[PDB]
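One structure is given here, and the rest of the page talks about it.
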Amino acid sequence: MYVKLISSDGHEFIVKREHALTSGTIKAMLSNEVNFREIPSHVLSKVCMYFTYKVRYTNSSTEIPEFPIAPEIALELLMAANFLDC
Amino acid sequence: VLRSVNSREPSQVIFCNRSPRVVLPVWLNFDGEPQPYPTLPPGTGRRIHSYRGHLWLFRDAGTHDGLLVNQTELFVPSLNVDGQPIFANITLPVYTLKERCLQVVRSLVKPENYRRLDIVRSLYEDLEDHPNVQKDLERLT
Amino acid sequence: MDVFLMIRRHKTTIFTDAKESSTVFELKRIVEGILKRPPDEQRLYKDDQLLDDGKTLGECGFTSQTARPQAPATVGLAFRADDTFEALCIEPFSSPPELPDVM
Ligand SMILES: CC(C)(C)CC(=O)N1C[C@H](O)C[C@H]1C(=O)NCc1ccc(-c2cnco2)cc1
């Protein structure tokens, strides 16, 4: 089961529903597409990579790599993360 | 409350930094005061002499971001079985995306300038509220 | 070993994982379940290279240590409209703004 997260510039990101439920805000927006009028694709694609990263490395014994964030997207990513509470 | 027990029972320990950070080990002394110890570079290890019931935590030496040790906040050396030291495996947590963004923004902007960033006032306060051992000791208590 | 992928076409991007041992055709069956288009109406690519159905994702250079959860590898996707295939087209993501002076 998948959900579609749509960026402000119209990019459609398809991710597993349980990955998207990482975010309490998305759960509420679902209760199955969600449009994000303020999150551009270069931020939302990273958000989706974070979900994959979290689900994979949460409760795992294998060494955990740093989650990478380019300086240029850090500010917008922060704002997105704060809105999405993740 | 959070303090080492004065057991006087040696316990050898390997600190193993499996993180990409420079690690600051912090010993909580018998009155609960945090005592810093020599840092470990990324991917390195140290054999150290500690004691049963002693309390340790580990931070990024530069930023004070939290780190895990055998998957938890605190490490307490136990009885050495058959001469073998205890393994203290230090790793990154899975930070929230928000705390991770705050780390990167802090690393690029001097605290003087947090107010110049075009963001909601509540995020300026989030940036200023740096990680810090004292705050976590109060929390863990 | 799991590989983490973005399957991309036009302004569509699927985040999914697959086995290194799994095949190109099997990835098309995954795409089929999501976008409701059968394998024969799909072409998959690595960069500009057309991937053959029987090859494993590993053989086509999608390995566990390159296709990572926090940095997934891109597989291009093109549909067949009726008789002939469209060309591979992947709309780039938006551009980040200029670093503020303070950064
Ligand atoms: C009151 C006391 C400081 C003398 C008790 C004591 O001996 N402690 C407190 C802790 O249990 C550790 C132990 C100690 O200080 N051992 C010596 C030591 C020296 C270097 C290092 C070290 C080396 N690299 C990182 O840390 C760790 C321990």
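Residues in the structure tokens are named by chain (A, B, ... in the order shown) and by number from 1 within that chain; ligands are numbered from 1 in the order shown.
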
Would you please give, as a list in words, all residues of chain A that DSSP assigns to strand (DSSP E or B) based on the backbone?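 Residues meeting the strand (DSSP E or B) criterion: residues 2, 3, 4, 5, 6, 12, 13, 14, 15, 16, 33, 34 and 35 of chain A.
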
Residues as selected, N, CA, C and O atoms, written as a PDB file, in the first residue's frame, can you do that?
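The resulting file, selection07.pdb, is shown below:
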```pdb
ATOM      1  N   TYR A   2       0.595   2.109  -0.999  1.00  0.00           N
ATOM      2  CA  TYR A   2       1.346   3.332  -1.232  1.00  0.00           C
ATOM      3  C   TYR A   2       0.453   4.563  -1.044  1.00  0.00           C
ATOM      4  O   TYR A   2      -0.774   4.461  -1.023  1.00  0.00           O
ATOM      5  N   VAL A   3       1.101   5.713  -0.874  1.00  0.00           N
ATOM      6  CA  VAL A   3       0.441   7.007  -0.911  1.00  0.00           C
ATOM      7  C   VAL A   3       1.252   7.898  -1.821  1.00  0.00           C
ATOM      8  O   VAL A   3       2.412   7.612  -2.080  1.00  0.00           O
ATOM      9  N   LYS A   4       0.605   8.936  -2.339  1.00  0.00           N
ATOM     10  CA  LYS A   4       1.231   9.930  -3.201  1.00  0.00           C
ATOM     11  C   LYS A   4       1.386  11.278  -2.458  1.00  0.00           C
ATOM     12  O   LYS A   4       0.406  11.836  -1.982  1.00  0.00           O
ATOM     13  N   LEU A   5       2.624  11.769  -2.371  1.00  0.00           N
ATOM     14  CA  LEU A   5       2.921  13.087  -1.829  1.00  0.00           C
ATOM     15  C   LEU A   5       3.329  13.981  -2.994  1.00  0.00           C
ATOM     16  O   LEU A   5       4.299  13.670  -3.701  1.00  0.00           O
ATOM     17  N   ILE A   6       2.604  15.087  -3.172  1.00  0.00           N
ATOM     18  CA  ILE A   6       2.792  15.987  -4.313  1.00  0.00           C
ATOM     19  C   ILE A   6       3.418  17.319  -3.886  1.00  0.00           C
ATOM     20  O   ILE A   6       2.929  18.004  -2.970  1.00  0.00           O
ATOM     21  N   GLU A  12       5.291  14.259  -8.164  1.00  0.00           N
ATOM     22  CA  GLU A  12       4.492  13.282  -7.432  1.00  0.00           C
ATOM     23  C   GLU A  12       5.400  12.182  -6.901  1.00  0.00           C
ATOM     24  O   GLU A  12       6.011  11.447  -7.679  1.00  0.00           O
ATOM     25  N   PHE A  13       5.520  12.101  -5.578  1.00  0.00           N
ATOM     26  CA  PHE A  13       6.374  11.119  -4.939  1.00  0.00           C
ATOM     27  C   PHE A  13       5.487  10.011  -4.395  1.00  0.00           C
ATOM     28  O   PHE A  13       4.572  10.276  -3.608  1.00  0.00           O
ATOM     29  N   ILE A  14       5.738   8.780  -4.840  1.00  0.00           N
ATOM     30  CA  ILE A  14       4.981   7.634  -4.381  1.00  0.00           C
ATOM     31  C   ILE A  14       5.825   6.841  -3.373  1.00  0.00           C
ATOM     32  O   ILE A  14       6.898   6.343  -3.711  1.00  0.00           O
ATOM     33  N   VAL A  15       5.323   6.711  -2.147  1.00  0.00           N
ATOM     34  CA  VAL A  15       6.054   6.074  -1.045  1.00  0.00           C
ATOM     35  C   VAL A  15       5.118   5.136  -0.280  1.00  0.00           C
ATOM     36  O   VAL A  15       3.901   5.291  -0.343  1.00  0.00           O
ATOM     37  N   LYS A  16       5.674   4.148   0.417  1.00  0.00           N
ATOM     38  CA  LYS A  16       4.840   3.237   1.205  1.00  0.00           C
ATOM     39  C   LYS A  16       4.087   4.014   2.271  1.00  0.00           C
ATOM     40  O   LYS A  16       4.653   4.888   2.908  1.00  0.00           O
ATOM     41  N   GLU A  33      -3.909  10.969  -1.670  1.00  0.00           N
ATOM     42  CA  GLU A  33      -2.852  11.845  -2.146  1.00  0.00           C
ATOM     43  C   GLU A  33      -2.802  13.011  -1.154  1.00  0.00           C
ATOM     44  O   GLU A  33      -3.808  13.315  -0.511  1.00  0.00           O
ATOM     45  N   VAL A  34      -1.644  13.655  -1.023  1.00  0.00           N
ATOM     46  CA  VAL A  34      -1.514  14.879  -0.221  1.00  0.00           C
ATOM     47  C   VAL A  34      -0.748  15.908  -1.041  1.00  0.00           C
ATOM     48  O   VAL A  34       0.339  15.616  -1.525  1.00  0.00           O
ATOM     49  N   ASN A  35      -1.307  17.100  -1.209  1.00  0.00           N
ATOM     50  CA  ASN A  35      -0.594  18.187  -1.877  1.00  0.00           C
ATOM     51  C   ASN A  35       0.089  19.075  -0.847  1.00  0.00           C
ATOM     52  O   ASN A  35      -0.503  19.405   0.172  1.00  0.00           O
TER      53      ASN A  35
END
```

Within 6 Å of chain B, which residues of chain A are there when counting only C-alpha atoms? Please give them as a PDB file with N, CA and C atoms, in the first residue's frame.
```pdb
ATOM      1  N   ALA A  74      19.224  22.967   3.501  1.00  0.00           N
ATOM      2  CA  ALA A  74      19.060  22.801   4.957  1.00  0.00           C
ATOM      3  C   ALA A  74      17.937  23.653   5.536  1.00  0.00           C
ATOM      4  N   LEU A  78      14.496  22.151   7.088  1.00  0.00           N
ATOM      5  CA  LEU A  78      14.168  22.393   8.493  1.00  0.00           C
ATOM      6  C   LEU A  78      12.714  22.822   8.650  1.00  0.00           C
ATOM      7  N   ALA A  81      10.517  19.899   7.991  1.00  0.00           N
ATOM      8  CA  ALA A  81      10.589  18.937   9.066  1.00  0.00           C
ATOM      9  C   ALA A  81       9.749  19.405  10.247  1.00  0.00           C
ATOM     10  N   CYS A  86       8.750  15.600  12.035  1.00  0.00           N
ATOM     11  CA  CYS A  86       9.516  14.356  11.866  1.00  0.00           C
ATOM     12  C   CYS A  86      11.030  14.536  12.026  1.00  0.00           C
TER      13      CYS A  86
END
```

Can I get the residues close to ligand 1 as number ranges by chain, where close means within 12 Å and we count only C-alpha atoms and all ligand atoms? B: 3-17, 22-31, 33-41, 44-58, 75-78, 88

Keeping only N, CA and C atoms, write those residues as a short mmCIF file (atom, residue, chain, number, x, y, z; two decimals), in the first residue's frame.
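Result saved to result.cif:
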```cif
data_model
loop_
_atom_site.label_atom_id
_atom_site.label_comp_id
_atom_site.auth_asym_id
_atom_site.auth_seq_id
_atom_site.Cartn_x
_atom_site.Cartn_y
_atom_site.Cartn_z
N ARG B 3 24.50 9.57 39.52
CA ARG B 3 25.88 9.63 39.97
C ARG B 3 26.48 8.25 39.92
N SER B 4 27.81 8.19 39.87
CA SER B 4 28.51 6.93 39.93
C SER B 4 28.43 6.38 41.35
N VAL B 5 28.40 5.05 41.47
CA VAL B 5 28.56 4.40 42.77
C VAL B 5 30.04 4.21 43.06
N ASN B 6 30.48 4.55 44.27
CA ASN B 6 31.89 4.43 44.65
C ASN B 6 32.25 3.00 45.09
N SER B 7 32.27 2.09 44.12
CA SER B 7 32.41 0.65 44.38
C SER B 7 33.84 0.21 44.64
N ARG B 8 34.80 0.96 44.09
CA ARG B 8 36.21 0.60 44.15
C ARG B 8 36.54 -0.75 43.49
N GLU B 9 35.69 -1.20 42.57
CA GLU B 9 35.87 -2.48 41.87
C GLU B 9 36.23 -2.23 40.41
N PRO B 10 37.51 -2.44 40.05
CA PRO B 10 37.93 -2.14 38.69
C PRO B 10 37.09 -2.86 37.63
N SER B 11 36.85 -2.17 36.52
CA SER B 11 36.15 -2.73 35.38
C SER B 11 36.82 -2.12 34.16
N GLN B 12 37.51 -2.95 33.38
CA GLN B 12 38.15 -2.52 32.14
C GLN B 12 37.12 -2.44 31.04
N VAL B 13 37.30 -1.47 30.16
CA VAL B 13 36.29 -1.09 29.19
C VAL B 13 37.01 -0.69 27.93
N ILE B 14 36.44 -1.06 26.78
CA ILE B 14 36.84 -0.55 25.47
C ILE B 14 35.80 0.47 25.00
N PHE B 15 36.20 1.73 24.88
CA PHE B 15 35.37 2.71 24.20
C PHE B 15 35.62 2.52 22.70
N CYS B 16 34.58 2.25 21.91
CA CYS B 16 34.72 2.04 20.45
C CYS B 16 33.86 3.06 19.76
N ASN B 17 34.49 4.02 19.08
CA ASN B 17 33.75 5.07 18.38
C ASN B 17 33.39 4.59 16.96
N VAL B 22 33.78 13.20 16.36
CA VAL B 22 34.75 13.18 17.43
C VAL B 22 33.96 13.02 18.72
N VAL B 23 34.28 11.99 19.50
CA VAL B 23 33.51 11.65 20.69
C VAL B 23 34.14 12.20 21.97
N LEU B 24 33.31 12.86 22.79
CA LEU B 24 33.65 13.25 24.16
C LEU B 24 32.99 12.27 25.13
N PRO B 25 33.79 11.45 25.84
CA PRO B 25 33.22 10.64 26.90
C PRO B 25 33.05 11.49 28.13
N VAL B 26 31.92 11.36 28.82
CA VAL B 26 31.65 12.12 30.04
C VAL B 26 31.35 11.15 31.18
N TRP B 27 32.15 11.25 32.24
CA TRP B 27 31.96 10.49 33.47
C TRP B 27 31.14 11.32 34.47
N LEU B 28 30.08 10.73 35.00
CA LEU B 28 29.32 11.38 36.05
C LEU B 28 29.95 11.03 37.40
N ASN B 29 30.52 12.02 38.07
CA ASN B 29 31.27 11.75 39.30
C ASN B 29 30.33 11.42 40.48
N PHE B 30 30.89 11.25 41.67
CA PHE B 30 30.10 10.77 42.82
C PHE B 30 29.07 11.78 43.35
N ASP B 31 29.20 13.05 42.96
CA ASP B 31 28.22 14.10 43.27
C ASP B 31 27.35 14.44 42.06
N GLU B 33 28.44 15.46 39.07
CA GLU B 33 29.01 16.47 38.18
C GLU B 33 29.61 15.81 36.93
N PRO B 34 29.29 16.35 35.74
CA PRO B 34 29.89 15.80 34.54
C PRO B 34 31.37 16.11 34.46
N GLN B 35 32.17 15.07 34.27
CA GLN B 35 33.60 15.21 34.11
C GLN B 35 33.99 14.76 32.70
N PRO B 36 34.57 15.66 31.89
CA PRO B 36 35.00 15.27 30.56
C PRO B 36 36.33 14.53 30.57
N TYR B 37 36.50 13.64 29.59
CA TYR B 37 37.69 12.80 29.42
C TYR B 37 38.22 13.00 27.99
N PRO B 38 39.48 12.56 27.69
CA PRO B 38 40.05 12.80 26.36
C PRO B 38 39.16 12.28 25.24
N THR B 39 39.10 13.04 24.15
CA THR B 39 38.22 12.74 23.02
C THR B 39 38.74 11.54 22.22
N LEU B 40 37.84 10.87 21.49
CA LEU B 40 38.19 9.82 20.50
C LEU B 40 37.87 10.26 19.07
N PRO B 41 38.86 10.24 18.15
CA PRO B 41 38.53 10.51 16.73
C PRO B 41 37.59 9.46 16.12
N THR B 44 37.89 5.17 15.93
CA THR B 44 38.97 4.74 16.82
C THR B 44 38.45 4.17 18.14
N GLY B 45 39.36 3.54 18.88
CA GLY B 45 39.02 2.86 20.14
C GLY B 45 40.05 3.11 21.23
N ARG B 46 39.64 2.96 22.49
CA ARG B 46 40.56 3.08 23.62
C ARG B 46 40.22 2.09 24.70
N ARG B 47 41.24 1.42 25.23
CA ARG B 47 41.07 0.61 26.41
C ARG B 47 41.23 1.56 27.59
N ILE B 48 40.25 1.56 28.49
CA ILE B 48 40.30 2.43 29.66
C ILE B 48 39.95 1.67 30.93
N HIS B 49 40.45 2.17 32.06
CA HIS B 49 40.16 1.61 33.37
C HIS B 49 39.05 2.41 34.03
N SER B 50 37.94 1.75 34.31
CA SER B 50 36.84 2.37 35.02
C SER B 50 36.45 1.45 36.17
N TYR B 51 35.22 1.56 36.65
CA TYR B 51 34.80 0.82 37.85
C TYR B 51 33.35 0.40 37.73
N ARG B 52 33.01 -0.71 38.37
CA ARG B 52 31.62 -1.18 38.40
C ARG B 52 30.73 -0.11 38.99
N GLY B 53 29.55 0.07 38.41
CA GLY B 53 28.59 1.06 38.89
C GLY B 53 28.89 2.49 38.49
N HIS B 54 29.98 2.72 37.76
CA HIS B 54 30.27 4.06 37.28
C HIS B 54 29.41 4.40 36.07
N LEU B 55 29.07 5.68 35.91
CA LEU B 55 28.15 6.10 34.85
C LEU B 55 28.87 6.94 33.81
N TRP B 56 28.66 6.61 32.54
CA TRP B 56 29.24 7.33 31.42
C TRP B 56 28.20 7.72 30.38
N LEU B 57 28.42 8.85 29.72
CA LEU B 57 27.70 9.16 28.47
C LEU B 57 28.66 9.71 27.43
N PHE B 58 28.17 9.88 26.20
CA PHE B 58 29.05 10.24 25.09
C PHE B 58 28.39 11.27 24.20
N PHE B 75 26.01 4.29 29.93
CA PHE B 75 26.80 3.07 29.98
C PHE B 75 27.36 2.88 31.38
N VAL B 76 27.12 1.71 31.96
CA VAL B 76 27.60 1.35 33.29
C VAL B 76 28.48 0.10 33.21
N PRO B 77 29.81 0.26 33.43
CA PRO B 77 30.68 -0.91 33.41
C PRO B 77 30.22 -1.96 34.40
N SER B 78 30.18 -3.21 33.94
CA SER B 78 29.75 -4.33 34.77
C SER B 78 30.96 -5.22 35.15
N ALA B 88 32.04 -0.89 24.99
CA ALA B 88 31.18 0.29 24.86
C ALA B 88 31.13 0.78 23.41
#
```

Using backbone DSSP assignments, extract all helix (DSSP H, G or I) residues from chain C; output them as a PyMOL selection string. chain C and resi 24-35+39-41

Pick the closest to chain C from B:112, B:127, B:139, B:132: which is it, counting only C-alpha atoms?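 Ranked by minimum distance to chain C, first place goes to B:112.
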
Find, counting only C-alpha atoms, the residue in B:61, B:1, B:109, B:81 that gets nearest to chain C.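 The shortest atom-to-atom distance to chain C comes from B:109.
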